[PDB]
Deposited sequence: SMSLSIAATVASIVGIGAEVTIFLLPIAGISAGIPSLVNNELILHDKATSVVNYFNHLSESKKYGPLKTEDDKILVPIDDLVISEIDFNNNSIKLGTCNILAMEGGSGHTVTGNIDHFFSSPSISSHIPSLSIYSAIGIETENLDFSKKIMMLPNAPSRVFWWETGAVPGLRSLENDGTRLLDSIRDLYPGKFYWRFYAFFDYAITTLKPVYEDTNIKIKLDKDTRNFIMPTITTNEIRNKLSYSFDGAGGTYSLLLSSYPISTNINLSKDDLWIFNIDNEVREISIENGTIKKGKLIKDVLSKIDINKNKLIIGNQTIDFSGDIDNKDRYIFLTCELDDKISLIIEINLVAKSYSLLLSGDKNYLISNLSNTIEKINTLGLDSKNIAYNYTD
């Protein structure tokens, strides 16, 4: 059991494939070139070619970068998608199309005063009878959004053809008269700029009775990360969550027999980004000096975990885990109702008892009370 706790990755940060936006004149620009914009839609089209989740290294389910998944249901093997819209067009006159190149006598105009258009409706993403055989999954990283956008004069784009232009054409064809991404009106114009306006997005994870392990994505854009929250519905299984040093709001709906494990190794350690991935360093001094425990809320450094459901259960313990050495694991046994914790050190008996002094120093460096400690030898 604590063995399963101790049994609980070079995955990239969010945006390595979809792009990480930039703040330009006080608004977020995801992409600012026609070909870059088209490439974003090409990336999105992967959800159709590969499904909403990819399987990396035959061990972990990874959603498409920037795909808005609003619900994951492990009971019904299903997904719900959130909002991924783009502003519609109105007006224009004399529309024709020649060689799949739209032409206008007078060009249409983009408006935020009429209903926006669903990009995902034009993809037709499979959301049912999914394979949730892998018990490790990276959580989705994408809040709902409406893409504001702009056209500009862009010549030489008439021969561009790929899965991105196909998807953009699919949007045009699905909402006739309301979307044109490349068109001639005395000059050649095209979409040049993608400007997401993100929306608060709660992602509901409906768990089954099984062992489910979750990796929280590393989202380096504050304005994206702050629109996201995860809400887990416990079903009495064994659940682990690897928290990111870039925190995301998380609520846990506790069921009677849930075993919850939170891997805090990123939260207690120096973090930097190298080659699009997390680089872990040494432990942070006093990072756990003010753990805040309440029946409905746990505060661990920059992490805030809210709790609902069976929150008045006096008998439940949850566990925080991290690595002190390459051979010794620290488990923080937390009772939310008692507002209390104790410590468990786990490792090989010979090694652990040898390095006991060193290990208790690390605990004290982390800011933890070292007064209640149990020892589990392997």
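Going by the record, the unmodelled stretches of the deposited sequence, in order, are 1-8, 17-22, 393.
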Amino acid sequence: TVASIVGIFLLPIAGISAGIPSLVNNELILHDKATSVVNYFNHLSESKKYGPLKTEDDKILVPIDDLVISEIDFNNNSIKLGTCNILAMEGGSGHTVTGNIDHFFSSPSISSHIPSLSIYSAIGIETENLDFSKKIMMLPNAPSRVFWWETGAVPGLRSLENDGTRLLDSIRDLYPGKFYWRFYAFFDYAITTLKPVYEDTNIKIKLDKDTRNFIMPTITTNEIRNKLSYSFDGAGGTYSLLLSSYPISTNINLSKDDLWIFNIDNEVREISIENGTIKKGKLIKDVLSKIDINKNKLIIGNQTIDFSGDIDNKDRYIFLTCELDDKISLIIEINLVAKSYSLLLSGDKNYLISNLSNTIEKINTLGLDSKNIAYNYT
From here on, numbers count along this sequence of modelled residues.
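Mean CA B-factor, 124-132 versus 188-196: the higher value falls on 124-132. In this entry, 73-81 has the higher mean Cα B-factor, the comparison being between 167-175 and 73-81.
The PDB entry assigns its highest CA temperature factor, among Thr35, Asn42, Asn26, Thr321, to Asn26. Across the residues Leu352, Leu30, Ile332, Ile64, the deposited record lists the maximum Cα B factor for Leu352. Sorting the modelled residues of the chain by their CA temperature factor places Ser111 in the middle third. For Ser240, the recorded CA B-factor ranks within the lowest third of the chain. Only modelled residues enter the ranking. Compared with the other modelled residues of the chain, the Cα B-factor recorded for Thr250 ranks in the lowest third.
Sort the modelled residues of the chain by CA B factor and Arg212 lands in the highest third. Among all modelled residues in this chain, the alpha-carbon of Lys280 has a temperature factor (C-alpha) in the middle third.
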